[PDB]
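Asks: Got a structure for you, my_file_22.txt, holding compact mmCIF, C-alpha atoms and all ligand atoms.
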```
# COMPACT_ATOMS: atom_id res chain seq x y z
CA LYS A 15 -3.84 29.53 -5.08
CA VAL A 16 -2.47 26.41 -6.75
CA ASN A 17 0.20 27.25 -9.37
CA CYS A 18 -0.97 26.84 -12.97
CA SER A 19 1.13 23.88 -13.96
CA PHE A 20 0.59 24.50 -17.66
CA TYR A 21 1.63 28.17 -17.56
CA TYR A 22 4.78 27.44 -15.57
CA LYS A 23 5.80 24.27 -17.42
CA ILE A 24 4.74 25.17 -20.98
CA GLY A 25 4.65 28.95 -20.84
CA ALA A 26 1.11 28.97 -22.17
CA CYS A 27 -2.30 28.08 -20.78
CA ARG A 28 -5.46 27.30 -22.75
CA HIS A 29 -7.52 29.45 -20.37
CA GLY A 30 -5.50 32.65 -20.63
CA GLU A 31 -6.37 35.23 -17.97
CA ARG A 32 -9.63 33.32 -17.35
CA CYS A 33 -7.60 30.58 -15.67
CA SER A 34 -8.60 29.90 -12.07
CA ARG A 35 -4.95 29.28 -11.23
CA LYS A 36 -1.86 31.45 -10.80
CA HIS A 37 0.02 32.90 -13.81
CA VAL A 38 2.81 35.23 -12.72
CA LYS A 39 5.24 36.45 -15.39
CA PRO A 40 8.85 36.37 -14.19
CA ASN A 41 10.78 39.68 -14.09
CA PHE A 42 13.88 37.77 -15.01
CA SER A 43 14.30 34.60 -17.03
CA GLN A 44 16.69 32.90 -19.39
CA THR A 45 13.76 32.11 -21.66
CA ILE A 46 11.56 34.25 -23.86
CA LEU A 47 8.34 33.59 -25.74
CA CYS A 48 7.27 35.22 -28.98
CA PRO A 49 3.65 34.10 -29.17
CA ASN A 50 2.24 33.05 -32.57
CA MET A 51 5.35 34.20 -34.39
CA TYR A 52 5.46 31.18 -36.69
CA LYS A 53 2.78 31.09 -39.38
CA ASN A 54 2.81 27.62 -40.93
CA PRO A 55 2.20 27.99 -44.72
CA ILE A 56 -0.27 25.05 -44.63
CA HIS A 57 -2.87 27.22 -42.90
CA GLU A 58 -2.53 30.15 -45.33
CA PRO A 59 -4.40 30.89 -48.64
CA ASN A 60 -1.40 29.71 -50.69
CA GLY A 61 -0.40 26.81 -48.46
CA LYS A 62 -1.74 23.76 -50.29
CA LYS A 63 0.12 24.56 -53.51
CA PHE A 64 3.38 23.62 -51.79
CA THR A 65 5.09 20.24 -52.07
CA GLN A 66 6.51 18.56 -48.97
CA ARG A 67 10.04 19.47 -50.07
CA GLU A 68 9.05 23.12 -50.54
CA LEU A 69 7.49 23.13 -47.08
CA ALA A 70 10.61 21.61 -45.53
CA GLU A 71 12.83 24.21 -47.19
CA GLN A 72 10.48 26.98 -46.02
CA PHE A 73 10.67 25.79 -42.44
CA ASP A 74 14.46 25.50 -42.45
CA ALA A 75 14.54 29.10 -43.73
CA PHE A 76 12.26 30.20 -40.88
CA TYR A 77 14.22 28.32 -38.22
CA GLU A 78 17.50 29.73 -39.53
CA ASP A 79 16.07 33.29 -39.62
CA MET A 80 15.02 32.90 -35.99
CA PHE A 81 18.21 31.32 -34.63
CA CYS A 82 20.52 33.76 -36.44
CA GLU A 83 18.56 36.75 -35.21
CA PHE A 84 18.19 35.66 -31.58
CA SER A 85 21.96 34.99 -31.51
CA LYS A 86 22.61 38.69 -31.70
CA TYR A 87 21.16 39.17 -28.20
CA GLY A 88 23.42 36.55 -26.60
CA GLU A 89 24.25 32.84 -26.65
CA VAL A 90 21.18 30.79 -27.60
CA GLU A 91 21.01 27.43 -25.85
CA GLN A 92 17.80 26.18 -27.43
CA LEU A 93 15.16 27.36 -29.88
CA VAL A 94 11.70 25.73 -30.07
CA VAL A 95 9.03 26.41 -32.68
CA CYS A 96 5.51 25.18 -31.85
CA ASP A 97 3.35 23.75 -34.60
CA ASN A 98 0.30 23.17 -32.38
CA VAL A 99 -3.27 23.65 -33.60
CA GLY A 100 -4.54 25.16 -30.31
CA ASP A 101 -4.77 28.95 -29.90
CA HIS A 102 -2.61 29.04 -26.78
CA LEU A 103 0.38 27.44 -28.51
CA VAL A 104 0.01 27.79 -32.29
CA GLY A 105 3.22 29.22 -33.78
CA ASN A 106 4.80 30.00 -30.40
CA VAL A 107 8.52 30.57 -30.61
CA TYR A 108 10.52 29.95 -27.42
CA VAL A 109 14.19 30.82 -26.99
CA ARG A 110 16.38 29.88 -24.04
CA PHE A 111 19.46 32.08 -23.64
CA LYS A 112 22.49 31.32 -21.51
CA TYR A 113 22.07 34.60 -19.58
CA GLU A 114 19.01 36.37 -18.19
CA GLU A 115 20.37 39.69 -19.44
CA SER A 116 20.20 38.41 -23.01
CA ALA A 117 16.49 37.59 -22.62
CA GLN A 118 15.70 41.05 -21.31
CA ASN A 119 17.69 42.76 -24.08
CA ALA A 120 15.89 40.56 -26.59
CA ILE A 121 12.30 41.28 -25.61
CA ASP A 122 12.98 45.04 -25.33
CA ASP A 123 14.37 45.13 -28.87
CA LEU A 124 11.91 42.63 -30.36
CA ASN A 125 8.82 44.43 -29.04
CA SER A 126 9.70 47.41 -31.26
CA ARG A 127 10.16 45.31 -34.39
CA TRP A 128 8.16 43.68 -37.18
CA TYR A 129 8.38 40.19 -38.70
CA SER A 130 6.92 39.35 -42.12
CA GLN A 131 4.55 42.35 -41.97
CA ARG A 132 3.27 41.73 -38.42
CA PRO A 133 4.44 43.47 -35.24
CA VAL A 134 6.43 41.21 -32.90
CA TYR A 135 5.15 40.29 -29.44
CA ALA A 136 7.80 39.11 -26.97
CA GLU A 137 7.77 38.32 -23.26
CA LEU A 138 9.85 36.63 -20.60
CA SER A 139 8.78 33.02 -20.11
CA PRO A 140 8.72 30.78 -17.03
CA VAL A 141 9.68 27.69 -19.07
CA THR A 142 12.85 26.07 -17.71
CA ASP A 143 12.90 22.63 -19.32
CA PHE A 144 11.85 22.07 -22.92
CA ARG A 145 12.02 18.29 -22.33
CA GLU A 146 9.12 18.52 -19.85
CA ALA A 147 7.32 21.01 -22.05
CA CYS A 148 7.30 19.13 -25.33
CA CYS A 149 4.58 16.65 -26.29
CA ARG A 150 6.10 13.18 -26.08
CA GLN A 151 3.51 11.76 -28.56
CA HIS A 152 4.30 14.38 -31.19
CA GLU A 153 7.87 13.30 -30.80
CA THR A 154 7.68 9.48 -30.62
CA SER A 155 4.49 8.96 -32.68
CA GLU A 156 1.82 11.42 -33.72
CA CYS A 157 -0.19 13.35 -31.24
CA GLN A 158 -3.82 13.09 -32.22
CA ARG A 159 -5.24 15.52 -29.66
CA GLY A 160 -5.05 18.59 -31.87
CA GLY A 161 -6.06 21.72 -29.98
CA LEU A 162 -6.76 19.58 -26.93
CA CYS A 163 -3.03 19.09 -26.45
CA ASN A 164 -1.43 21.27 -23.82
CA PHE A 165 2.21 20.44 -24.59
CA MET A 166 4.53 21.90 -27.22
CA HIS A 167 4.56 20.34 -30.67
CA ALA A 168 8.17 21.16 -31.48
CA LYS A 169 8.71 21.40 -35.20
CA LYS A 170 12.28 20.42 -35.96
CA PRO A 171 14.57 21.70 -38.69
CA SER A 172 16.98 19.56 -40.72
CA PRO A 173 19.49 18.14 -38.22
CA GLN A 174 22.41 19.29 -40.40
CA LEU A 175 21.11 22.87 -40.31
CA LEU A 176 20.84 22.87 -36.53
CA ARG A 177 24.39 21.48 -36.19
CA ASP A 178 25.66 24.13 -38.60
CA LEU A 179 23.90 26.95 -36.71
CA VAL A 180 25.32 25.72 -33.40
CA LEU A 181 28.80 25.68 -34.95
CA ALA A 182 28.35 29.15 -36.48
CA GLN A 183 27.31 30.51 -33.08
CA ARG A 184 30.28 28.84 -31.37
CA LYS A 185 32.54 30.61 -33.86
CA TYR A 186 30.78 33.96 -33.36
CA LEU A 187 30.99 33.59 -29.57
CA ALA A 188 34.67 32.66 -29.72
CA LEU A 189 35.49 35.67 -31.92
CA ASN A 190 33.70 37.96 -29.46
CA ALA A 191 35.44 36.42 -26.45
CA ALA A 192 38.69 37.01 -28.34
CA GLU A 193 38.03 40.76 -28.10
CA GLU A 194 39.81 41.90 -24.93
CA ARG B 105 41.94 33.38 -15.54
CA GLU B 106 44.31 33.54 -18.52
CA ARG B 107 43.51 29.86 -18.86
CA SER B 108 40.42 31.05 -20.71
CA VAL B 109 42.59 33.07 -23.12
CA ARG B 110 43.65 29.71 -24.56
CA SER B 111 40.47 27.67 -24.15
CA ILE B 112 39.44 30.41 -26.56
CA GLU B 113 42.51 29.51 -28.63
CA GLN B 114 41.56 25.82 -28.86
CA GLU B 115 38.00 26.81 -29.79
CA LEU B 116 39.11 29.26 -32.48
CA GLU B 117 41.43 26.88 -34.36
CA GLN B 118 38.99 24.00 -34.19
CA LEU B 119 36.50 26.32 -35.91
CA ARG B 120 38.83 27.95 -38.45
CA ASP B 121 36.75 26.57 -41.33
CA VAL B 122 33.48 27.84 -39.82
CA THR B 123 31.55 31.01 -40.83
CA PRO B 124 30.48 33.03 -37.75
CA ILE B 125 26.70 33.21 -37.35
CA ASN B 126 26.56 36.99 -37.78
CA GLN B 127 27.94 36.41 -41.31
CA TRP B 128 25.57 33.54 -42.09
CA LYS B 129 23.69 34.07 -45.37
CA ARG B 130 20.00 33.56 -44.66
CA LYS B 131 17.85 31.82 -47.27
CA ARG B 132 14.83 33.98 -46.53
CA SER B 133 14.95 36.69 -43.89
CA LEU B 134 11.75 38.55 -43.03
CA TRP B 135 12.82 40.72 -40.08
CA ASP B 136 11.75 44.38 -40.10
CA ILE B 137 9.43 43.98 -43.07
CA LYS B 138 6.37 46.18 -42.68
CA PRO B 139 3.08 46.15 -44.61
CA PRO B 140 2.40 49.12 -46.91
CA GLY B 141 1.04 52.27 -45.25
CA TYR B 142 2.72 51.68 -41.90
CA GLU B 143 5.74 53.88 -42.55
CA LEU B 144 4.75 56.27 -39.74
CA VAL B 145 3.49 53.61 -37.32
CA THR B 146 5.55 51.92 -34.58
CA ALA B 147 5.17 48.27 -33.57
CA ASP B 148 3.50 49.27 -30.31
CA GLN B 149 1.02 51.54 -32.10
CA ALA B 150 0.18 48.70 -34.48
CA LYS B 151 -0.29 46.29 -31.55
CA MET B 152 -2.44 48.82 -29.66
CA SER B 153 -4.53 49.36 -32.79
CA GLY B 154 -6.18 45.95 -32.46
CA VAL B 155 -5.42 45.09 -36.09
CA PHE B 156 -2.82 42.44 -35.14
CA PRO B 157 -4.33 40.45 -32.24
CA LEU B 158 -2.80 37.28 -30.79
CA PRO B 159 -4.90 34.11 -31.11
ZN ZN A 201 -3.56 28.61 -16.34
ZN ZN A 202 0.46 16.70 -28.36
```
Show me, as structure tokens, the structure contained in the file I just sent.
Replies:
Amino acid sequence: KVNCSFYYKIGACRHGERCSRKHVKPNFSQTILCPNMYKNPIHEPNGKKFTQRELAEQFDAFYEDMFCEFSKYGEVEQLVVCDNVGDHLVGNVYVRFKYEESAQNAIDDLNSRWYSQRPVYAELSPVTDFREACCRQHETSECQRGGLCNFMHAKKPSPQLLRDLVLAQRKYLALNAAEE
Amino acid sequence: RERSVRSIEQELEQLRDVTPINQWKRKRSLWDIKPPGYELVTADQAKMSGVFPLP
């Protein structure tokens, strides 16, 4: 009868449906979750053959592929990719759209699609504030809790790439608004 | 408000050098790539099959 703080704040709970507390999915939201969408190369058979520079380029490519695609459903305000170790968060991709209608259009389309040879899972998410949701250790220092951590470990792309994507979307949005 | 018709104008000329995101060349795009043998299988069928479970 007490709200599950972790489900509502982080959009994910280590207990799943076994949680003693309340998880209710919203029927409308600005935010979606694609659980376990991001597969970090490090944890794959090939993964240790890659240099740090190769890994950074691979992640920028992933982040770009995500942001560009989600933009087609509507204005993207923020995109977060979780690099947590714990099952409830590992590889979670969260997207906050400007409009709730964008989020609904997104999950309906995404749930019929594939990504890198796996079918895509997408749902509306209760998360409203990525600042609250993100692990402040993983930001400031290193978080050393591993799977024990209940907060998002946001993996960030090159700052120049993010600025460029934001600009590209602004242009796209302006060109669309100029159609009337 | 036709005010917005020209807040669009200020936006558009301040971004004249910018490629719109729907024309952005992606380094490595992996959307809609299916494993071999799944030509006749939908995403939902694959999810319901149990072969691609969430952690
Ligand atoms: Zn819970
Ligand atoms: Zn942490």
Asks: So how far away is atom CA of residue 115 of chain A from atom CA of residue 48 of chain A, in Å?
Replies: 16.8 Å
Asks: So that I can check the surroundings of segment 131-141 of chain A, please list as a ChimeraX atom specification every protein, DNA and RNA residue that reaches within 8 Å of it, counting all atoms listed in the file and ignoring chain neighbours fewer than 5 positions away.
Replies: /A:21-25,39-49,51,117-118,121,124-126,147 /B:136-139,147-148,150-151,156
Asks: Report, in Å with one decimal, the straight-line distance from atom CA of residue 186 of chain A to atom CA of residue 126 of chain B.
Replies: 6.8 Å
Asks: Here's a test: counting only C-alpha atoms, identify every protein, DNA and RNA residue with an atom at most 8 Å from (33.6, 30.9, -38.1) in the file's coordinate frame, and state them as a PyMOL selection string.
Replies: (chain A and resi 181-182+184-186) or (chain B and resi 119-125)
Asks: Distance limit 10 Å, atoms considered: all atoms listed in the file. Which chain A residues sit that close to chain B? Return them as JSON, numbers by chain.
Replies: {"A": [49, 50, 51, 71, 72, 74, 75, 76, 78, 79, 80, 81, 82, 83, 85, 86, 100, 101, 102, 103, 104, 105, 124, 125, 126, 127, 128, 129, 130, 131, 132, 133, 134, 135, 178, 179, 180, 181, 182, 183, 184, 185, 186, 187, 188, 189, 190, 191, 192, 194]}
Asks: Provide the atom CA of residue 168 of chain A to atom CA of residue 67 of chain A distance in Å, to one decimal place.
Replies: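 Atom CA of residue 67 of chain A lies 18.8 Å from atom CA of residue 168 of chain A.
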Asks: At a cut-off of 8 Å around ligand ZN 201 (chain A), and using all atoms listed in the file, what residues come up? Please write them as a compact mmCIF listing (two decimals) with C-alpha atoms, in the frame of the given file.
Replies:
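Listing of pocket-v7.txt after writing:
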```txt
# COMPACT_ATOMS: atom_id res chain seq x y z
CA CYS A 18 -0.97 26.84 -12.97
CA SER A 19 1.13 23.88 -13.96
CA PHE A 20 0.59 24.50 -17.66
CA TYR A 21 1.63 28.17 -17.56
CA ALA A 26 1.11 28.97 -22.17
CA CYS A 27 -2.30 28.08 -20.78
CA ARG A 28 -5.46 27.30 -22.75
CA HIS A 29 -7.52 29.45 -20.37
CA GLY A 30 -5.50 32.65 -20.63
CA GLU A 31 -6.37 35.23 -17.97
CA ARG A 32 -9.63 33.32 -17.35
CA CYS A 33 -7.60 30.58 -15.67
CA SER A 34 -8.60 29.90 -12.07
CA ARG A 35 -4.95 29.28 -11.23
CA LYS A 36 -1.86 31.45 -10.80
CA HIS A 37 0.02 32.90 -13.81
```
Asks: Smallest atom-to-atom distance to ligand ZN 202 (chain A): which of A:114, A:58, A:156, A:123, using all atoms listed in the file?
Replies: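 Residue with the minimum atom-to-atom distance to ligand ZN 202 (chain A): A:156.
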Asks: Show me the residues close to (17.2, 22.4, -41.8) - anything with an atom within 9 Å, counting all atoms listed in the file - and format the list as a ChimeraX atom specification.
Replies: /A:70-71,73-75,77-78,170-176
Asks: With 9 Å as the cut-off and all atoms listed in the file counted, what is the closest atom pair between each nearby residue of chain A and ligand ZN 202 (chain A)? Distances in Å to one decimal, ordered by chain and number, as a tab-separated table.
Replies:
```
residue	atom	partner	partner_atom	distance
A:98	CA	A:ZN202	ZN	7.6
A:148	CA	A:ZN202	ZN	7.9
A:149	CA	A:ZN202	ZN	4.6
A:150	CA	A:ZN202	ZN	7.0
A:151	CA	A:ZN202	ZN	5.8
A:152	CA	A:ZN202	ZN	5.3
A:153	CA	A:ZN202	ZN	8.5
A:156	CA	A:ZN202	ZN	7.6
A:157	CA	A:ZN202	ZN	4.5
A:158	CA	A:ZN202	ZN	6.8
A:159	CA	A:ZN202	ZN	6.0
A:160	CA	A:ZN202	ZN	6.8
A:161	CA	A:ZN202	ZN	8.4
A:162	CA	A:ZN202	ZN	7.9
A:163	CA	A:ZN202	ZN	4.6
A:164	CA	A:ZN202	ZN	6.7
A:165	CA	A:ZN202	ZN	5.6
A:166	CA	A:ZN202	ZN	6.7
A:167	CA	A:ZN202	ZN	5.9
```
Asks: Would you mind completing segment 137-152 of chain B to N, CA, C and O atoms and writing the output as a short mmCIF file (atom, residue, chain, number, x, y, z; two decimals), keeping the file's coordinate frame?
Replies:
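Written output follows (selection28.cif):
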```
data_model
loop_
_atom_site.label_atom_id
_atom_site.label_comp_id
_atom_site.auth_asym_id
_atom_site.auth_seq_id
_atom_site.Cartn_x
_atom_site.Cartn_y
_atom_site.Cartn_z
N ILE B 137 10.23 43.75 -41.88
CA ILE B 137 9.43 43.98 -43.07
C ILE B 137 8.04 44.40 -42.65
O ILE B 137 7.37 43.70 -41.90
N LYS B 138 7.64 45.59 -43.09
CA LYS B 138 6.37 46.18 -42.68
C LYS B 138 5.38 46.16 -43.85
O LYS B 138 5.79 46.19 -45.00
N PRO B 139 4.08 46.08 -43.54
CA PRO B 139 3.08 46.15 -44.61
C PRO B 139 2.99 47.58 -45.13
O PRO B 139 3.42 48.49 -44.44
N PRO B 140 2.46 47.77 -46.35
CA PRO B 140 2.40 49.12 -46.91
C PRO B 140 1.47 50.03 -46.11
O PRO B 140 0.43 49.57 -45.63
N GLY B 141 1.86 51.29 -45.95
CA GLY B 141 1.04 52.27 -45.25
C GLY B 141 1.40 52.45 -43.80
O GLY B 141 0.85 53.32 -43.12
N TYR B 142 2.33 51.63 -43.31
CA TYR B 142 2.72 51.68 -41.90
C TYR B 142 4.06 52.38 -41.69
O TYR B 142 4.71 52.17 -40.67
N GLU B 143 4.45 53.21 -42.64
CA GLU B 143 5.74 53.88 -42.55
C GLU B 143 5.86 54.77 -41.30
O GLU B 143 6.94 54.90 -40.71
N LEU B 144 4.74 55.35 -40.88
CA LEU B 144 4.75 56.27 -39.74
C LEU B 144 4.17 55.64 -38.47
O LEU B 144 3.85 56.35 -37.51
N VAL B 145 4.06 54.32 -38.46
CA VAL B 145 3.49 53.61 -37.32
C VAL B 145 4.50 52.68 -36.65
O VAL B 145 5.15 51.87 -37.32
N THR B 146 4.65 52.80 -35.33
CA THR B 146 5.55 51.92 -34.58
C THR B 146 4.90 50.56 -34.36
O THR B 146 3.71 50.38 -34.61
N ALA B 147 5.70 49.60 -33.89
CA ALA B 147 5.17 48.27 -33.57
C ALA B 147 4.13 48.36 -32.47
O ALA B 147 3.08 47.72 -32.55
N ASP B 148 4.42 49.15 -31.44
CA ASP B 148 3.50 49.27 -30.31
C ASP B 148 2.17 49.88 -30.76
O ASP B 148 1.11 49.38 -30.40
N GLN B 149 2.23 50.94 -31.56
CA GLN B 149 1.02 51.54 -32.10
C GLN B 149 0.20 50.52 -32.88
O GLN B 149 -1.02 50.44 -32.73
N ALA B 150 0.87 49.73 -33.72
CA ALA B 150 0.18 48.70 -34.48
C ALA B 150 -0.44 47.63 -33.56
O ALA B 150 -1.54 47.14 -33.83
N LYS B 151 0.25 47.27 -32.49
CA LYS B 151 -0.29 46.29 -31.55
C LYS B 151 -1.48 46.88 -30.79
O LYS B 151 -2.48 46.20 -30.57
N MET B 152 -1.38 48.15 -30.41
CA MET B 152 -2.44 48.82 -29.66
C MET B 152 -3.66 49.10 -30.53
O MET B 152 -4.74 49.39 -30.03
#
```
